[PDB]
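Asks: enclosed are the sequence and the experimentally obtained structure.
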Amino acid sequence: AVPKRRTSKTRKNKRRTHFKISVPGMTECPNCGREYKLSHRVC
Amino acid sequence: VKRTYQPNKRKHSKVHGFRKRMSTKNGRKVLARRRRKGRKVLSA
Amino acid sequence: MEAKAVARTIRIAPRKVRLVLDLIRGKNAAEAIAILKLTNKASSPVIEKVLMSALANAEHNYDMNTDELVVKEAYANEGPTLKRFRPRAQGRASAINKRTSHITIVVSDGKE
Amino acid sequence: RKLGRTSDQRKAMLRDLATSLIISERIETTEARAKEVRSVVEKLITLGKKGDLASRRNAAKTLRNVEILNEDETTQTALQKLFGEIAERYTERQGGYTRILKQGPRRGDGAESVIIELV
RNA sequence: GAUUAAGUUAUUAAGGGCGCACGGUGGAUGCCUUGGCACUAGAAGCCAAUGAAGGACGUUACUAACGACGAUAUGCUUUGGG
RNA sequence: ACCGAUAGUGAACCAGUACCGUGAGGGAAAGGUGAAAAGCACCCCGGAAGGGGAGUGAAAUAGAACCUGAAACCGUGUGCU
RNA sequence: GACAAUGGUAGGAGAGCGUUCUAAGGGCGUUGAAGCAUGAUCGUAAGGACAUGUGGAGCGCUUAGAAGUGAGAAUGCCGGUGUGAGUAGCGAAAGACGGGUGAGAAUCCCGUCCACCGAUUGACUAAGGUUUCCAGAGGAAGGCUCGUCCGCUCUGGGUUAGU
RNA sequence: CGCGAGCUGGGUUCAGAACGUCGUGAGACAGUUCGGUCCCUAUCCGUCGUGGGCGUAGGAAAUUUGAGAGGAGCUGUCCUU
RNA sequence: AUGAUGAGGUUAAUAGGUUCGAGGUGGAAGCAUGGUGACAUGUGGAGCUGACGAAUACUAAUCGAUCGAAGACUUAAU
Ligand SMILES: [Mg+2]
Ligand SMILES: [Mg+2]
Ligand SMILES: [Mg+2]
Ligand SMILES: [Mg+2]
Ligand SMILES: [Mg+2]
Ligand SMILES: [Mg+2]
Ligand SMILES: [Mg+2]
Ligand SMILES: [Mg+2]
Ligand SMILES: [Mg+2]
Ligand SMILES: [Mg+2]
Ligand SMILES: [Mg+2]
Ligand SMILES: [Mg+2]
Ligand SMILES: [Mg+2]
Ligand SMILES: [Mg+2]
Ligand SMILES: [Mg+2]
Ligand SMILES: [Mg+2]
Ligand SMILES: [Mg+2]
Ligand SMILES: [Mg+2]
Ligand SMILES: [Mg+2]
Ligand SMILES: [Mg+2]
Ligand SMILES: [Mg+2]
Ligand SMILES: [Mg+2]
Ligand SMILES: [Mg+2]
Ligand SMILES: [Mg+2]
Ligand SMILES: [Mn+2]
Ligand SMILES: [Mn+2]
Ligand SMILES: [Mn+2]
Ligand SMILES: [Mn+2]
Ligand SMILES: [Mn+2]
Ligand SMILES: [Mn+2]
Ligand SMILES: [Mn+2]
Ligand SMILES: [Mn+2]
Ligand SMILES: [Mn+2]
Ligand SMILES: [Mn+2]
Ligand SMILES: [Mn+2]
Ligand SMILES: [Mn+2]
Ligand SMILES: [Mn+2]
Ligand SMILES: [Mn+2]
Ligand SMILES: [Mn+2]
Ligand SMILES: [Mn+2]
Ligand SMILES: [Mn+2]
Ligand SMILES: [Mn+2]
Ligand SMILES: [Mn+2]
Ligand SMILES: [Mn+2]
Ligand SMILES: [Mn+2]
Ligand SMILES: [Mn+2]
Ligand SMILES: [Mn+2]
Ligand SMILES: [Mn+2]
Ligand SMILES: [Mn+2]
Ligand SMILES: [Mn+2]
Ligand SMILES: [Mn+2]
Ligand SMILES: [Mn+2]
Ligand SMILES: [Mn+2]
Ligand SMILES: [Mn+2]
Ligand SMILES: [Mn+2]
Ligand SMILES: [Mn+2]
Ligand SMILES: [Mn+2]
Ligand SMILES: [Mn+2]
Ligand SMILES: [Mn+2]
Ligand SMILES: [Mn+2]
Ligand SMILES: [Mn+2]
Ligand SMILES: [Mn+2]
Ligand SMILES: [Mn+2]
Ligand SMILES: [Mn+2]
Ligand SMILES: [Mn+2]
Ligand SMILES: [Mn+2]
Ligand SMILES: [Mn+2]
Ligand SMILES: [Mn+2]
Ligand SMILES: [Mn+2]
Ligand SMILES: [Mn+2]
Ligand SMILES: [Mn+2]
Ligand SMILES: [Mn+2]
Ligand SMILES: [Mn+2]
Ligand SMILES: [Mn+2]
Ligand SMILES: [Mn+2]
Ligand SMILES: [Mn+2]
Ligand SMILES: [Mn+2]
Ligand SMILES: [Mn+2]
Ligand SMILES: [Mn+2]
Ligand SMILES: [Mn+2]
Ligand SMILES: [Mn+2]
Ligand SMILES: [Mn+2]
Ligand SMILES: [Mn+2]
Ligand SMILES: [Mn+2]
Ligand SMILES: [Mn+2]
Ligand SMILES: [Mn+2]
Ligand SMILES: [Mn+2]
């Protein structure tokens, strides 16, 4: 099986609308001044 | 599986060496043809 | 005024870098360095070093305070692709495109 | 009750971890190995905490070999440490004594790194 | 009460489309020519055991490649030109 | 009243060379900063790469992969939808 | 001025548009040529101007000459870039942690444990290959990931016979 | 003669081989016999599952009506009368 | 599969551990004994026990961030 028609620009991008990545869930380290992921070590 | 061309220094130097080319009139025609074309390398 | 910096011919291919920038784009600068440091993709350290440079030029060449700075824009553009191949079955070999990204970014003050 | 690879390999890897940690009070690993290995190393510290020769033979049935850690200039064996200090550390304490802390992703493969220390 | 009822409409854009701006890639186009191509007029039309053709290896402060030269090597002499 | 870099010799670039074949043999691609190298002292982020200022230059939005820089194709912004 | 005729494939006829070169004439051009871009511009068509932007040095117009004179299709030839798609794949196999090093480590160095072949995955040599061997540096590309690492890169150095 | 990008491949349609038969022959079938490479990573529709977006004129939480749609729908023997 | 559903997130039994237990196996180790021994018996339904059931905050569900209303017009009805 091979595509019978090429994918459209507009088509291809409509498909890509669920392809983002998540903004990380990120608590601020107290007093250390860096930042880190939720429920992770403060390094 | 054994692919063709198993290298041999002797067998390649004989049969395709400057000498063996010299040995027949045709070989000289060969070196002539190559010398005409200007190949950097003639006989092996 | 509103300073920028660029990283030309970064080895990472543009679709990927765009996945990161899109998180970065528009946010306040501080937040951006955080998000950048916390995302786990290659482009994250690269874009990091680039936003740092841009902040540097902005403090140093334009005398603005860094804190109020904002990421006005950031984007990656196609840059020339290194062209390779991998050998395949039955002696055919098919192409591989190792493409590259130019990463621009621009920080900001007000209109003036 | 997790995996990574095949059961023999998981057994071995799990001894290899728990024999360590005891050597080294804290380690860094995947979150996954850490969860699986918290239980192993805890069951060992209860085994040493018992003290009888029987328990000793069961531990040594699980624990990996000589690892004679250099203390203040001497060589406690591995299990010899386990029954010898670790057990005398946690005796007034209940069982339940091990912790895992989340490092965040590692570069090469993205694996979630975490640290696991017994205290 | 916007309350009850009956009816009528709207805002939303995850994303998309048309238009526009600004960039990137790519190397068309224009311009250019050291290289070719077809001929004219005249010289010349052979070289070789007194070892050619064509090469290999060398030769400079540094030297890989090309040319140039050869253990007298990145040249020696000589008569002229400059 | 021939070509002007896909043309004209295969070859305007160290071409019968890269490369392919045991061999005879087959055989490419690849020209252009500027008038002058004046080829970006210096500062800055960076391990470098690269980059923003400061500069040379008529021009570097002529910066070396360098005249012009089309179309495909990739993107950021959005007026209407 | 009335009056007629004007669908059209193979094809016949006719009249034209535009390209490059040439002749002569008349001009334009660093106070900016061509080319490229953008525009609501004019002609019955091919097509012609014009303004702005870019560019930075060559061009038009008139008449006549002559043509390597007009592309959308040849599974056409060469170049670029897509689509498929963040998809298939990453080439037989056990690895774990500690300590280094570094800008940066699952991947390099050390260590410990673990495991694997053992008529061999060991040891030696003929072919064949020709600097891949060694030491110090390096990390853009090569390595199917990463790389401080290498059969990769730079500099230096390595092969000794009367038997 | 539903269904080989779902499976098989025994029949029949290649190359080897043999018998009968025909042809002088090379060969051939109106015949028989033993043997004999089944490729494809699903783009669109379709179909089975399964989430997001907006809508449903405030924002939510639980309970619901059922327009519609789907499923099931088979049958013996024996006792009694 | 992922996401979705559901149980929990310290004012907490959500998992791990811990301590009991069901089920499972079938008589641990060490020691004593009897044997020339291979072994047998005893101490002893012993010891061990992944998912199953209880109790217990011993370890980890920490800090925190994001999203989410202010209720259109018309006409008839108090
Ligand atoms: Mg010989
Ligand atoms: Mg000879
Ligand atoms: Mg890389
Ligand atoms: Mg082939
Ligand atoms: Mg796996
Ligand atoms: Mg209503
Ligand atoms: Mg609303
Ligand atoms: Mg929109
Ligand atoms: Mg429209
Ligand atoms: Mg000429
Ligand atoms: Mg051949
Ligand atoms: Mg014209
Ligand atoms: Mg003009
Ligand atoms: Mg790097
Ligand atoms: Mg061997
Ligand atoms: Mg590298
Ligand atoms: Mg078969
Ligand atoms: Mg058979
Ligand atoms: Mg098959
Ligand atoms: Mg998700
Ligand atoms: Mg419970
Ligand atoms: Mg339980
Ligand atoms: Mg329970
Ligand atoms: Mg209001
Ligand atoms: Mn998109
Ligand atoms: Mn040749
Ligand atoms: Mn030789
Ligand atoms: Mn092959
Ligand atoms: Mn086994
Ligand atoms: Mn959006
Ligand atoms: Mn858009
Ligand atoms: Mn003559
Ligand atoms: Mn003679
Ligand atoms: Mn010569
Ligand atoms: Mn030479
Ligand atoms: Mn002189
Ligand atoms: Mn050109
Ligand atoms: Mn070869
Ligand atoms: Mn020049
Ligand atoms: Mn620095
Ligand atoms: Mn620099
Ligand atoms: Mn200047
Ligand atoms: Mn280019
Ligand atoms: Mn020029
Ligand atoms: Mn240019
Ligand atoms: Mn363009
Ligand atoms: Mn757009
Ligand atoms: Mn007509
Ligand atoms: Mn008509
Ligand atoms: Mn005609
Ligand atoms: Mn012209
Ligand atoms: Mn126009
Ligand atoms: Mn003009
Ligand atoms: Mn033509
Ligand atoms: Mn075409
Ligand atoms: Mn092509
Ligand atoms: Mn994916
Ligand atoms: Mn992947
Ligand atoms: Mn797919
Ligand atoms: Mn898949
Ligand atoms: Mn895969
Ligand atoms: Mn492999
Ligand atoms: Mn390590
Ligand atoms: Mn360090
Ligand atoms: Mn090692
Ligand atoms: Mn073995
Ligand atoms: Mn064997
Ligand atoms: Mn040899
Ligand atoms: Mn080789
Ligand atoms: Mn080496
Ligand atoms: Mn790599
Ligand atoms: Mn059929
Ligand atoms: Mn068959
Ligand atoms: Mn058959
Ligand atoms: Mn055939
Ligand atoms: Mn007969
Ligand atoms: Mn839904
Ligand atoms: Mn409501
Ligand atoms: Mn219901
Ligand atoms: Mn119904
Ligand atoms: Mn019914
Ligand atoms: Mn439990
Ligand atoms: Mn006895
Ligand atoms: Mn309680
Ligand atoms: Mn909270
Ligand atoms: Mn209301
Ligand atoms: Mn109304």
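Replies: Cool, the structure landed. Numbering: from 1, shown residues only, chains lettered A, B, ... in the order given. Ligands and ions are numbered 1, 2, ... in the order given.
Asks: contacts and neighbour counts: CA atoms only from here.
Replies: Will do.
Asks: which residues touch residue C:71?
Replies: Applying CA atoms under 8 Å, 6 or more residues apart in numbering or on different chains, we find residue C:71 in contact with C:24, C:25, C:26, C:27, C:28, C:29, C:32, C:105, C:106, C:107, C:108.
Asks: kindly recompute the last result at 7 Å.
Replies: Residue C:71 sits next to C:25, C:26, C:27, C:28, C:29, C:106, C:107, C:108 when contact means CA atoms under 7 Å, 6 or more residues apart in numbering or on different chains.
Asks: residue D:110 now?
Replies: Contact analysis of residue D:110 by CA under 7 Å, 6+ apart lists residue C:40.
Asks: still on that earlier bit, so which of the contacts of residue C:71 are in helices?
Replies: Counting by DSSP state H, the contacts of residue C:71 place residue C:29 in helices.
Asks: so among the contacts of residue C:71, which ones count as buried?
Replies: Buried subset of the contacts of residue C:71 (neighbour count, 16 or more other CA atoms under 10 Å in any protein chain shown): C:25, C:26, C:27, C:28, C:29, C:106, C:107, C:108.
Asks: so who does the residue of chain B found nearest RNA strand H touch?
Replies: Relative to RNA strand H, the nearest point of chain B is residue B:1 (16.7 Å; CA to the nearest atom of the strand). With contact set as CA under 7 Å, 6+ apart, residue B:1 has no partners.
Asks: give me the element it is part of.
Replies: Under DSSP states H and E, no helix or strand contains residue B:1.
Asks: is residue C:5 bridged to anything, and to what?
Replies: Counting by DSSP bridges, residue C:5 forms beta bridges with residue C:105.
Asks: what's the burial count for it?
Replies: Neighbours of residue C:5 under the rule other CA atoms under 10 Å in any protein chain shown: 20.
Asks: can you check residue C:61 too?
Replies: 11.
Asks: same thing with residue C:73?
Replies: 17.
Asks: got the contact list for the nearest residue to it once chain neighbours are set aside?
Replies: Nearest residue to residue C:73 in three dimensions, chain neighbours excluded: residue C:106, at 5.2 Å (CA to CA, 6 or more residues apart in numbering or on different chains). Contacts for residue C:106 (CA under 7 Å, 6+ apart) come out as C:2, C:3, C:4, C:5, C:54, C:71, C:72, C:73, C:74.
Asks: and the most centrally placed residue in chain D, helix, strand or coil?
Replies: Ranked by distance to the mean C-alpha position of chain D (CA atoms, centre = their mean), the top residue is residue D:18 at 2.7 Å. Secondary structure, DSSP: H, G, I helix; E, B strand; the rest coil: residue D:18 is helix.
Asks: same question, the one 10 residues further on
Replies: When classified by three-state DSSP, residue D:28 comes out as strand.
Asks: over to residue B:44?
Replies: Of the three states, residue B:44 takes coil under three-state DSSP.
Asks: quick one: the helices in chain A?
Replies: Here chain A has its helices, by DSSP H, at A:9-15.
Asks: in it, which residue sits nearest RNA strand I?
Replies: Closest point on chain A to RNA strand I, by CA to the nearest atom of the strand, is residue A:39, at 3.4 Å.
Asks: now do chain C
Replies: Closest point on chain C to RNA strand I, by CA to the nearest atom of the strand, is residue C:31, at 10.7 Å.
Asks: could you give the number of residues near that residue?
Replies: Applying other CA under 10 Å, we find 14 residues neighbouring residue C:31.
Asks: ok, it to residue C:52 distance?
Replies: To residue C:52, residue C:31 is 13 Å away according to CA to CA, to the nearest Å.
Asks: ditto for residue C:105
Replies: Remark: distance between residue C:105 and residue C:52 (CA to CA) = 10 Å.
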